[PDB]
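Next up, protein_32.txt (compact mmCIF, C-alpha atoms and all ligand atoms):
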# COMPACT_ATOMS: atom_id res chain seq x y z
CA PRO H 1 6.11 46.45 -51.45
CA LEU H 2 9.57 45.14 -50.58
CA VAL H 3 9.78 41.35 -50.49
CA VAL H 4 11.88 39.88 -47.67
CA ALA H 5 13.12 36.36 -48.37
CA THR H 6 14.79 33.79 -46.14
CA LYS H 7 16.27 30.32 -46.42
CA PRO H 8 14.36 27.45 -44.81
CA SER H 9 15.97 27.57 -41.37
CA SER H 10 14.73 28.81 -38.01
CA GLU H 11 17.63 31.27 -37.88
CA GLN H 12 16.63 32.68 -41.26
CA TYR H 13 13.01 33.10 -40.16
CA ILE H 14 14.19 35.08 -37.14
CA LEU H 15 16.35 37.29 -39.36
CA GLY H 16 13.53 37.72 -41.88
CA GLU H 17 11.09 38.75 -39.17
CA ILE H 18 13.63 41.20 -37.75
CA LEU H 19 14.04 42.80 -41.18
CA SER H 20 10.31 42.80 -41.89
CA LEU H 21 9.28 44.27 -38.54
CA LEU H 22 12.06 46.87 -38.66
CA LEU H 23 10.98 48.05 -42.10
CA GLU H 24 7.28 47.98 -41.13
CA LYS H 25 8.03 50.19 -38.11
CA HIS H 26 9.18 52.81 -40.66
CA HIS H 27 5.98 52.43 -42.72
CA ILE H 28 7.70 50.53 -45.54
CA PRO H 29 5.35 47.99 -47.17
CA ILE H 30 6.65 44.43 -46.75
CA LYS H 31 5.74 41.00 -48.15
CA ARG H 32 7.17 37.91 -46.45
CA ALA H 33 8.56 35.16 -48.70
CA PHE H 34 10.06 32.91 -46.03
CA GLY H 35 11.53 29.44 -46.29
CA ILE H 36 12.42 29.45 -49.99
CA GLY H 37 13.23 25.87 -50.92
CA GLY H 38 16.85 25.37 -51.89
CA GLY H 39 18.07 28.50 -50.13
CA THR H 40 20.58 30.56 -52.07
CA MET H 41 20.32 28.45 -55.22
CA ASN H 42 16.82 29.90 -55.69
CA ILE H 43 17.15 33.14 -53.71
CA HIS H 44 20.11 34.51 -55.66
CA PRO H 45 18.52 34.54 -59.15
CA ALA H 46 15.21 35.85 -57.84
CA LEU H 47 17.10 38.61 -56.11
CA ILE H 48 18.94 39.49 -59.33
CA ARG H 49 15.76 39.53 -61.41
CA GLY H 50 13.69 41.41 -58.82
CA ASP H 51 11.28 38.77 -57.51
CA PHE H 52 12.92 39.32 -54.11
CA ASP H 53 14.34 42.52 -52.68
CA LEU H 54 16.54 41.46 -49.75
CA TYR H 55 17.70 38.48 -47.73
CA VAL H 56 20.48 37.53 -45.31
CA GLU H 57 23.48 35.81 -46.91
CA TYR H 58 26.70 34.35 -45.53
CA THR H 59 30.05 35.53 -46.89
CA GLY H 60 31.60 32.14 -47.69
CA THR H 61 28.46 31.03 -49.50
CA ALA H 62 28.56 34.01 -51.83
CA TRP H 63 32.33 33.47 -52.15
CA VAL H 64 31.95 29.98 -53.62
CA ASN H 65 28.41 29.65 -54.99
CA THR H 66 27.84 33.02 -56.71
CA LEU H 67 31.27 34.60 -57.14
CA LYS H 68 33.04 31.53 -58.60
CA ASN H 69 36.10 32.07 -56.47
CA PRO H 70 38.38 29.22 -55.38
CA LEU H 71 38.61 28.16 -51.76
CA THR H 72 42.37 28.67 -51.94
CA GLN H 73 41.70 32.41 -51.44
CA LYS H 74 40.70 33.81 -48.05
CA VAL H 75 37.15 35.13 -48.15
CA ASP H 76 37.34 38.94 -48.47
CA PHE H 77 34.26 41.04 -47.72
CA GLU H 78 35.42 44.12 -49.64
CA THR H 79 35.91 41.94 -52.73
CA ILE H 80 32.47 40.40 -52.25
CA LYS H 81 30.86 43.84 -52.02
CA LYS H 82 32.72 45.24 -55.03
CA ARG H 83 31.91 42.27 -57.27
CA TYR H 84 28.30 42.14 -56.10
CA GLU H 85 27.83 45.79 -57.04
CA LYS H 86 29.63 45.56 -60.38
CA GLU H 87 28.34 42.20 -61.66
CA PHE H 88 24.97 41.91 -59.88
CA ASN H 89 23.96 45.49 -58.99
CA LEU H 90 23.57 44.20 -55.43
CA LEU H 91 24.57 45.91 -52.18
CA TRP H 92 25.75 44.19 -49.01
CA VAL H 93 24.35 46.46 -46.29
CA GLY H 94 26.84 45.16 -43.76
CA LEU H 95 27.49 42.29 -41.38
CA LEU H 96 25.17 41.50 -38.50
CA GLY H 97 28.16 40.47 -36.39
CA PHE H 98 28.00 36.68 -36.05
CA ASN H 99 29.44 33.78 -38.05
CA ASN H 100 27.37 30.59 -38.45
CA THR H 101 29.72 28.10 -40.06
CA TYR H 102 29.62 24.43 -40.99
CA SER H 103 30.81 21.67 -38.72
CA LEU H 104 30.34 17.92 -38.31
CA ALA H 105 28.60 16.24 -35.40
CA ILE H 106 28.20 12.73 -34.03
CA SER H 107 26.84 11.39 -30.78
CA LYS H 108 29.09 11.87 -27.76
CA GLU H 109 28.97 8.13 -27.12
CA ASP H 110 30.26 7.44 -30.64
CA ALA H 111 32.98 10.08 -30.21
CA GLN H 112 34.22 8.40 -27.03
CA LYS H 113 33.94 4.93 -28.57
CA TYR H 114 36.05 5.77 -31.63
CA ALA H 115 38.38 8.43 -30.14
CA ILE H 116 36.97 10.95 -32.61
CA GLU H 117 37.85 14.61 -32.04
CA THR H 118 38.60 15.97 -35.52
CA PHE H 119 37.18 15.73 -39.03
CA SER H 120 40.13 13.49 -39.91
CA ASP H 121 39.17 11.25 -36.99
CA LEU H 122 35.63 10.97 -38.38
CA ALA H 123 36.97 10.14 -41.85
CA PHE H 124 39.34 7.56 -40.32
CA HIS H 125 36.35 5.73 -38.78
CA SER H 126 33.74 6.82 -41.34
CA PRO H 127 32.77 3.26 -42.44
CA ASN H 128 31.01 3.01 -39.04
CA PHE H 129 28.81 6.10 -39.61
CA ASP H 130 25.69 6.86 -41.64
CA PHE H 131 25.98 10.49 -42.71
CA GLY H 132 23.04 12.73 -43.50
CA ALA H 133 22.75 16.28 -44.74
CA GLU H 134 20.54 18.60 -46.76
CA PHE H 135 20.34 18.29 -50.55
CA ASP H 136 22.46 21.37 -51.21
CA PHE H 137 25.22 20.02 -48.95
CA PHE H 138 25.97 17.43 -51.62
CA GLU H 139 26.00 20.02 -54.44
CA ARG H 140 27.96 23.06 -53.23
CA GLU H 141 31.71 22.92 -53.74
CA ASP H 142 32.18 24.39 -50.24
CA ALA H 143 30.27 21.49 -48.62
CA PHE H 144 30.49 17.72 -49.19
CA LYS H 145 32.51 17.92 -52.42
CA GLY H 146 35.27 19.89 -50.71
CA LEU H 147 35.12 17.76 -47.57
CA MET H 148 35.68 14.76 -49.85
CA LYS H 149 38.61 16.36 -51.66
CA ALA H 150 40.24 17.41 -48.36
CA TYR H 151 39.46 14.42 -46.11
CA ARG H 152 38.33 11.51 -48.34
CA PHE H 153 35.47 10.23 -46.20
CA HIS H 154 34.18 6.70 -46.77
CA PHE H 155 30.83 6.81 -44.99
CA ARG H 156 28.85 3.58 -44.83
CA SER H 157 25.89 5.44 -46.38
CA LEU H 158 24.76 8.90 -47.48
CA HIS H 159 21.22 10.23 -46.98
CA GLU H 160 19.92 13.44 -48.55
CA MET H 161 16.87 15.04 -46.97
CA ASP H 162 15.12 18.35 -46.54
CA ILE H 163 17.33 20.71 -44.56
CA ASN H 164 14.79 20.72 -41.71
CA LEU H 165 14.81 16.92 -41.32
CA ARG H 166 18.52 16.41 -40.62
CA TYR H 167 18.38 16.44 -36.85
CA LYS H 168 15.22 14.33 -36.95
CA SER H 169 17.03 11.74 -39.04
CA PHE H 170 19.76 11.77 -36.41
CA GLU H 171 17.16 11.34 -33.65
CA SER H 172 15.61 8.33 -35.44
CA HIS H 173 19.07 6.80 -36.04
CA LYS H 174 18.56 6.79 -39.80
CA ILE H 175 21.92 8.59 -39.68
CA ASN H 176 24.49 8.72 -36.87
CA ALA H 177 26.76 11.44 -38.26
CA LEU H 178 25.67 14.72 -39.81
CA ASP H 179 26.62 18.25 -40.75
CA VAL H 180 25.57 20.84 -38.22
CA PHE H 181 25.52 24.56 -37.94
CA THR H 182 27.57 26.18 -35.22
CA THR H 183 24.64 28.19 -33.79
CA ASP H 184 22.07 25.37 -33.92
CA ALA H 185 19.90 25.09 -30.82
CA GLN H 186 20.00 21.31 -31.34
CA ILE H 187 23.74 21.07 -30.62
CA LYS H 188 22.96 21.79 -26.97
CA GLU H 189 19.49 20.21 -27.16
CA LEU H 190 20.89 16.82 -28.21
CA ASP H 191 24.28 17.13 -26.46
CA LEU H 192 26.08 16.38 -29.70
CA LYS H 193 29.83 16.11 -30.21
CA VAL H 194 30.89 18.72 -32.75
CA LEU H 195 34.13 17.73 -34.43
CA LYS H 196 37.12 20.00 -35.00
CA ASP H 197 37.88 21.16 -38.55
CA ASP H 198 41.53 20.25 -38.17
CA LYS H 199 42.58 21.31 -41.68
CA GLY H 200 40.57 24.55 -41.55
CA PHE H 201 38.51 23.60 -44.60
CA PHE H 202 35.44 25.67 -44.11
CA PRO H 203 35.77 29.43 -44.77
CA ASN H 204 34.06 32.35 -43.05
CA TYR H 205 30.25 32.56 -43.01
CA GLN H 206 29.46 35.98 -41.56
CA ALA H 207 25.80 36.92 -41.97
CA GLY H 208 24.88 40.13 -43.74
CA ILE H 209 21.88 41.70 -45.44
CA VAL H 210 22.00 41.66 -49.25
CA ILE H 211 19.59 44.09 -50.92
CA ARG H 212 18.90 45.17 -54.49
CA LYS H 213 20.53 48.51 -55.32
CA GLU H 214 17.30 49.44 -57.11
CA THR H 215 15.50 49.12 -53.78
CA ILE H 216 18.02 51.41 -52.07
CA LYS H 217 17.62 53.90 -54.92
CA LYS H 218 13.84 53.86 -54.39
CA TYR H 219 14.03 53.68 -50.57
CA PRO H 220 17.22 55.22 -49.16
CA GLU H 221 15.45 55.06 -45.83
CA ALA H 222 15.48 51.27 -45.99
CA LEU H 223 19.28 51.32 -46.16
CA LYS H 224 19.58 53.85 -43.37
CA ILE H 225 17.21 51.75 -41.24
CA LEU H 226 18.86 48.38 -41.95
CA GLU H 227 22.34 49.72 -41.14
CA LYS H 228 21.15 50.10 -37.54
CA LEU H 229 21.39 46.29 -37.33
CA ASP H 230 25.08 46.36 -38.27
CA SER H 231 27.22 44.50 -35.71
CA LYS H 232 24.22 44.13 -33.37
CA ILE H 233 24.02 40.30 -33.51
CA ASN H 234 27.15 38.44 -32.43
CA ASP H 235 27.46 34.65 -32.27
CA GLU H 236 26.00 34.34 -28.77
CA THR H 237 23.01 36.52 -29.63
CA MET H 238 22.10 34.50 -32.73
CA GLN H 239 22.51 31.24 -30.82
CA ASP H 240 20.30 32.52 -27.99
CA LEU H 241 17.60 33.78 -30.38
CA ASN H 242 17.56 30.41 -32.14
CA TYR H 243 17.34 28.75 -28.72
CA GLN H 244 14.39 31.00 -27.87
CA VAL H 245 12.57 29.85 -31.00
CA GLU H 246 13.40 26.12 -31.16
CA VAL H 247 13.63 25.25 -27.43
CA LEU H 248 11.41 27.82 -25.70
CA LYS H 249 8.86 27.45 -28.54
CA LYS H 250 8.55 31.18 -29.16
CA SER H 251 7.54 32.31 -32.62
CA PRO H 252 10.18 33.91 -34.87
CA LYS H 253 7.94 36.98 -34.94
CA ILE H 254 7.86 37.38 -31.15
CA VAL H 255 11.61 36.72 -30.89
CA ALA H 256 12.29 39.44 -33.46
CA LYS H 257 9.92 41.87 -31.73
CA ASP H 258 11.58 41.34 -28.35
CA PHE H 259 15.05 41.66 -29.88
CA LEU H 260 14.22 44.92 -31.68
CA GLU H 261 12.75 46.26 -28.44
CA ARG H 262 15.94 45.27 -26.61
CA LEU H 263 17.95 47.21 -29.22
CA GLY H 264 15.65 50.23 -28.93
CA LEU H 265 14.86 50.17 -32.65
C1 LIG P 1 24.40 29.53 -43.17
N1 LIG P 1 25.29 28.52 -43.71
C2 LIG P 1 25.68 27.66 -42.62
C3 LIG P 1 26.48 29.18 -44.22
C4 LIG P 1 24.67 27.73 -44.79
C5 LIG P 1 23.29 27.14 -44.43
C6 LIG P 1 22.47 26.68 -45.65
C7 LIG P 1 22.96 26.23 -46.85
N2 LIG P 1 21.94 25.94 -47.63
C8 LIG P 1 20.83 26.19 -46.95
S1 LIG P 1 19.35 25.97 -47.51
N3 LIG P 1 21.16 26.64 -45.74
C9 LIG P 1 24.54 28.61 -46.05
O1 LIG P 1 23.57 29.42 -46.18
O2 LIG P 1 25.41 28.50 -46.95
How would this structure read if it were set down as structure tokens?
Ligand SMILES: C[N+](C)(C)[C@@H](Cc1c[nH]c(=S)[nH]1)C(=O)O
Amino acid sequence: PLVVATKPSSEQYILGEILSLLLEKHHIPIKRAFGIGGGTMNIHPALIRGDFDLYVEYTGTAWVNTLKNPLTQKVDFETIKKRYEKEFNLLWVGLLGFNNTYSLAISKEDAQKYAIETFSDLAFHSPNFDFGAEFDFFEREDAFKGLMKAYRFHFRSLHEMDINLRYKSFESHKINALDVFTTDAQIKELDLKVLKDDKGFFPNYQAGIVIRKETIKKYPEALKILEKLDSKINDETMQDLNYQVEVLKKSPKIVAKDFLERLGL
């Protein structure tokens, strides 16, 4: 059977269940390998070697982490696809239609207190903030290392935690500034102030299905099926599905089932 992997986020579970249910509807055998610790850093090699068959990746993450390209070049999907096929024998099916990129968030009270609107504002007052993020945020060149080269933050403290504990650390006041994702249900849930990336540091993170070319060779129907999801999930749809899971307490499975029904797939 085809093994569908995801990163350990609610959004990735929704996408994984959408892929798994869609393939199961076409009688393709599926095994779920959800919430792989470390995300891409462990998904990418397992995909290359064949432990996994497909997952949903973001363009800018492949651009920096796997393709070894500099952030001085604009992320280019056609380049990503060509190099993935030539060097990795991997196929980007397409783009789902939405872009979940990095941002920075603080409490709205702190934003008003310190006149913080932009990333540079946060850096300017950073000695008054305890910043927290997931482990990989301090390792990827497109995350904290680049933010430090571009903005030179001097946070009072740094806290590394499991990716699913960040907002909880913010709620407990262990940290009072953190990295967020633009489609996170918790941005609205906690009424956070998301800062403006005034130097345009973070690239494009459009979500798309990455699948082994061997799997498409064995199952052309899987490619034909998965292309029906192309451009069917814009930013608002991803944000609402995540809201349905994290706020309305629906399971990722039920959210994916309802979405596929809505699409008529
Ligand atoms: C989707 N995203 C915002 C572009 C990040 C999120 C993420 C990074 N690492 C893990 S784990 N999750 C990514 O996958 O690079």
What gap, in Å, lies between CA of residue 129 (chain H) and CA of residue 103 (chain H)?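 One can read the CA of residue 129 (chain H) to CA of residue 103 (chain H) distance as 15.7 Å.
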Surrounding residues of region 160-176 of chain H excluding itself and chain neighbours under 4 positions, 8 Å, only C-alpha atoms, as a PDB file with C-alpha atoms, in the frame of the given file:
ATOM      1  CA  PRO H   8      14.360  27.450 -44.810  1.00  0.00           C
ATOM      2  CA  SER H   9      15.970  27.570 -41.370  1.00  0.00           C
ATOM      3  CA  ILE H 106      28.200  12.730 -34.030  1.00  0.00           C
ATOM      4  CA  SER H 107      26.840  11.390 -30.780  1.00  0.00           C
ATOM      5  CA  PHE H 129      28.810   6.100 -39.610  1.00  0.00           C
ATOM      6  CA  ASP H 130      25.690   6.860 -41.640  1.00  0.00           C
ATOM      7  CA  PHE H 131      25.980  10.490 -42.710  1.00  0.00           C
ATOM      8  CA  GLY H 132      23.040  12.730 -43.500  1.00  0.00           C
ATOM      9  CA  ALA H 133      22.750  16.280 -44.740  1.00  0.00           C
ATOM     10  CA  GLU H 134      20.540  18.600 -46.760  1.00  0.00           C
ATOM     11  CA  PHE H 135      20.340  18.290 -50.550  1.00  0.00           C
ATOM     12  CA  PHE H 138      25.970  17.430 -51.620  1.00  0.00           C
ATOM     13  CA  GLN H 186      20.000  21.310 -31.340  1.00  0.00           C
TER      14      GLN H 186
END
So which residues fall inside 6 Å of (26.7, 45.6, -35.8) if we count only C-alpha atoms? Mind giving them as a PyMOL selection string? chain H and resi 96-97+229-232
Calculated over only C-alpha atoms and all ligand atoms, which of the candidates H:7, H:108, H:193, H:113 has the smallest distance to ligand LIG 1 (chain P)?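 The answer is H:7, which sits nearest to ligand LIG 1 (chain P).
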Edge lengths and centre in Å to one decimal, as lines of an AutoDock Vina configuration file, is what I'm after for the box along x, y and z that holds all listed atoms of ligand LIG 1 (chain P) once 8 Å is added on each side.
center_x = 22.9
center_y = 27.7
center_z = -45.1
size_x = 23.1
size_y = 19.6
size_z = 21.0
Neighbours of ligand LIG 1 (chain P) at 6 Å or closer, counting all atoms listed in the file: which residues, as a tab-separated table (two decimals) with C-alpha atoms, keeping the file's coordinate frame?
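To be explicit, this is the file written out as selection-v1.tsv:
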chain	number	residue	atom	x	y	z
H	7	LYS	CA	16.27	30.32	-46.42
H	8	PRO	CA	14.36	27.45	-44.81
H	38	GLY	CA	16.85	25.37	-51.89
H	39	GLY	CA	18.07	28.50	-50.13
H	58	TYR	CA	26.70	34.35	-45.53
H	61	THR	CA	28.46	31.03	-49.50
H	100	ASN	CA	27.37	30.59	-38.45
H	101	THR	CA	29.72	28.10	-40.06
H	102	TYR	CA	29.62	24.43	-40.99
H	136	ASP	CA	22.46	21.37	-51.21
H	181	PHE	CA	25.52	24.56	-37.94
H	205	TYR	CA	30.25	32.56	-43.01
Interatomic distance, CA of residue 90 (chain H) to CA of residue 221 (chain H) (Å, one decimal):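 That distance, rounded to one decimal, is 16.6 Å.
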Pairwise distance, CA of residue 34 (chain H) with CA of residue 187 (chain H), equals 23.8 Å
Between H:105, H:44, H:89, H:233, single out the one closest to residue 217 (chain H), counting all atoms listed in the file. H:89
Which residue of H:141, H:87, H:240, H:57 approaches residue 71 (chain H) most closely, using all atoms listed in the file: H:141
Using only C-alpha atoms, determine which residues lie at most 8 Å from region 152-157 of chain H, disregarding the query and same-chain residues fewer than 5 positions distant; provide the list as a PyMOL selection string. chain H and resi 122-124+126-131+147
Tell me which protein, DNA and RNA residues are within 10 Å of residue 199 (chain H), counting only C-alpha atoms, leaving out same-chain ones fewer than 2 positions away, and put them as a list in words.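 Selected residues are residues 118, 119, 120, 150, 151, 196, 197, 201 and 202 of chain H.
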I'd like the neighbourhood of region 79-85 of chain H as a ChimeraX atom specification, where a residue qualifies if any of its atoms comes within 12 Å (using all atoms listed in the file), though same-chain residues fewer than 6 positions away should be ignored. /H:44,47-48,57-69,73,91-95,206,208-214
Where atoms are missing, can you supply N, CA and C atoms for region 209-238 of chain H and output the lot as a PDB file, in the frame of the given file?
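In the end it all went to rebuild-v6.pdb:
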ATOM      1  N   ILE H 209      23.042  41.419 -44.605  1.00  0.00           N
ATOM      2  CA  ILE H 209      21.880  41.700 -45.440  1.00  0.00           C
ATOM      3  C   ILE H 209      22.332  42.060 -46.848  1.00  0.00           C
ATOM      4  N   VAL H 210      21.796  41.353 -47.841  1.00  0.00           N
ATOM      5  CA  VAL H 210      22.000  41.660 -49.250  1.00  0.00           C
ATOM      6  C   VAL H 210      20.689  42.211 -49.796  1.00  0.00           C
ATOM      7  N   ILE H 211      20.763  43.378 -50.435  1.00  0.00           N
ATOM      8  CA  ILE H 211      19.590  44.090 -50.920  1.00  0.00           C
ATOM      9  C   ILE H 211      19.853  44.635 -52.317  1.00  0.00           C
ATOM     10  N   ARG H 212      18.812  44.636 -53.142  1.00  0.00           N
ATOM     11  CA  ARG H 212      18.900  45.170 -54.490  1.00  0.00           C
ATOM     12  C   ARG H 212      19.254  46.654 -54.431  1.00  0.00           C
ATOM     13  N   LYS H 213      20.202  47.081 -55.268  1.00  0.00           N
ATOM     14  CA  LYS H 213      20.530  48.510 -55.320  1.00  0.00           C
ATOM     15  C   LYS H 213      19.354  49.331 -55.840  1.00  0.00           C
ATOM     16  N   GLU H 214      18.502  48.743 -56.679  1.00  0.00           N
ATOM     17  CA  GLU H 214      17.300  49.440 -57.110  1.00  0.00           C
ATOM     18  C   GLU H 214      16.407  49.778 -55.924  1.00  0.00           C
ATOM     19  N   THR H 215      16.329  48.874 -54.950  1.00  0.00           N
ATOM     20  CA  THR H 215      15.500  49.120 -53.780  1.00  0.00           C
ATOM     21  C   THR H 215      16.070  50.256 -52.943  1.00  0.00           C
ATOM     22  N   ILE H 216      17.395  50.308 -52.801  1.00  0.00           N
ATOM     23  CA  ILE H 216      18.020  51.410 -52.070  1.00  0.00           C
ATOM     24  C   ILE H 216      17.830  52.723 -52.820  1.00  0.00           C
ATOM     25  N   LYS H 217      17.886  52.687 -54.154  1.00  0.00           N
ATOM     26  CA  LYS H 217      17.620  53.900 -54.920  1.00  0.00           C
ATOM     27  C   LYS H 217      16.197  54.387 -54.664  1.00  0.00           C
ATOM     28  N   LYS H 218      15.227  53.468 -54.635  1.00  0.00           N
ATOM     29  CA  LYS H 218      13.840  53.860 -54.390  1.00  0.00           C
ATOM     30  C   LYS H 218      13.589  54.198 -52.929  1.00  0.00           C
ATOM     31  N   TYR H 219      14.248  53.501 -52.007  1.00  0.00           N
ATOM     32  CA  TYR H 219      14.030  53.680 -50.570  1.00  0.00           C
ATOM     33  C   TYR H 219      15.352  53.845 -49.839  1.00  0.00           C
ATOM     34  N   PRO H 220      15.974  55.025 -49.915  1.00  0.00           N
ATOM     35  CA  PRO H 220      17.220  55.220 -49.160  1.00  0.00           C
ATOM     36  C   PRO H 220      16.988  55.011 -47.682  1.00  0.00           C
ATOM     37  N   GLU H 221      15.752  55.252 -47.237  1.00  0.00           N
ATOM     38  CA  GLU H 221      15.450  55.060 -45.830  1.00  0.00           C
ATOM     39  C   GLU H 221      15.585  53.605 -45.434  1.00  0.00           C
ATOM     40  N   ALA H 222      15.324  52.671 -46.354  1.00  0.00           N
ATOM     41  CA  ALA H 222      15.480  51.270 -45.990  1.00  0.00           C
ATOM     42  C   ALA H 222      16.928  50.932 -45.677  1.00  0.00           C
ATOM     43  N   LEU H 223      17.861  51.533 -46.421  1.00  0.00           N
ATOM     44  CA  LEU H 223      19.280  51.320 -46.160  1.00  0.00           C
ATOM     45  C   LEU H 223      19.691  51.934 -44.841  1.00  0.00           C
ATOM     46  N   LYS H 224      19.271  53.178 -44.626  1.00  0.00           N
ATOM     47  CA  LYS H 224      19.580  53.850 -43.370  1.00  0.00           C
ATOM     48  C   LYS H 224      19.047  53.058 -42.187  1.00  0.00           C
ATOM     49  N   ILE H 225      17.834  52.520 -42.317  1.00  0.00           N
ATOM     50  CA  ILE H 225      17.210  51.750 -41.240  1.00  0.00           C
ATOM     51  C   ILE H 225      17.963  50.451 -41.000  1.00  0.00           C
ATOM     52  N   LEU H 226      18.234  49.698 -42.073  1.00  0.00           N
ATOM     53  CA  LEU H 226      18.860  48.380 -41.950  1.00  0.00           C
ATOM     54  C   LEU H 226      20.293  48.466 -41.436  1.00  0.00           C
ATOM     55  N   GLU H 227      20.993  49.574 -41.692  1.00  0.00           N
ATOM     56  CA  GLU H 227      22.340  49.720 -41.140  1.00  0.00           C
ATOM     57  C   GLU H 227      22.343  49.773 -39.621  1.00  0.00           C
ATOM     58  N   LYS H 228      21.209  50.097 -38.995  1.00  0.00           N
ATOM     59  CA  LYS H 228      21.150  50.100 -37.540  1.00  0.00           C
ATOM     60  C   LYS H 228      21.307  48.707 -36.953  1.00  0.00           C
ATOM     61  N   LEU H 229      21.152  47.664 -37.767  1.00  0.00           N
ATOM     62  CA  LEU H 229      21.390  46.290 -37.330  1.00  0.00           C
ATOM     63  C   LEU H 229      22.842  45.873 -37.454  1.00  0.00           C
ATOM     64  N   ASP H 230      23.667  46.669 -38.126  1.00  0.00           N
ATOM     65  CA  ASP H 230      25.080  46.360 -38.270  1.00  0.00           C
ATOM     66  C   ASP H 230      25.744  46.059 -36.932  1.00  0.00           C
ATOM     67  N   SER H 231      26.422  44.914 -36.868  1.00  0.00           N
ATOM     68  CA  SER H 231      27.220  44.500 -35.710  1.00  0.00           C
ATOM     69  C   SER H 231      26.404  44.363 -34.433  1.00  0.00           C
ATOM     70  N   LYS H 232      25.090  44.204 -34.540  1.00  0.00           N
ATOM     71  CA  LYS H 232      24.220  44.130 -33.370  1.00  0.00           C
ATOM     72  C   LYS H 232      23.883  42.694 -32.982  1.00  0.00           C
ATOM     73  N   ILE H 233      24.343  41.706 -33.747  1.00  0.00           N
ATOM     74  CA  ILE H 233      24.020  40.300 -33.510  1.00  0.00           C
ATOM     75  C   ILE H 233      25.323  39.508 -33.592  1.00  0.00           C
ATOM     76  N   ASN H 234      25.970  39.287 -32.446  1.00  0.00           N
ATOM     77  CA  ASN H 234      27.150  38.440 -32.430  1.00  0.00           C
ATOM     78  C   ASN H 234      26.737  36.970 -32.360  1.00  0.00           C
ATOM     79  N   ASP H 235      27.733  36.086 -32.277  1.00  0.00           N
ATOM     80  CA  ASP H 235      27.460  34.650 -32.270  1.00  0.00           C
ATOM     81  C   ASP H 235      26.522  34.255 -31.134  1.00  0.00           C
ATOM     82  N   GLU H 236      26.807  34.732 -29.921  1.00  0.00           N
ATOM     83  CA  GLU H 236      26.000  34.340 -28.770  1.00  0.00           C
ATOM     84  C   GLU H 236      24.566  34.826 -28.900  1.00  0.00           C
ATOM     85  N   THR H 237      24.364  36.008 -29.487  1.00  0.00           N
ATOM     86  CA  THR H 237      23.010  36.520 -29.630  1.00  0.00           C
ATOM     87  C   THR H 237      22.202  35.706 -30.635  1.00  0.00           C
ATOM     88  N   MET H 238      22.805  35.351 -31.771  1.00  0.00           N
ATOM     89  CA  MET H 238      22.100  34.500 -32.730  1.00  0.00           C
ATOM     90  C   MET H 238      21.778  33.145 -32.119  1.00  0.00           C
TER      91      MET H 238
END
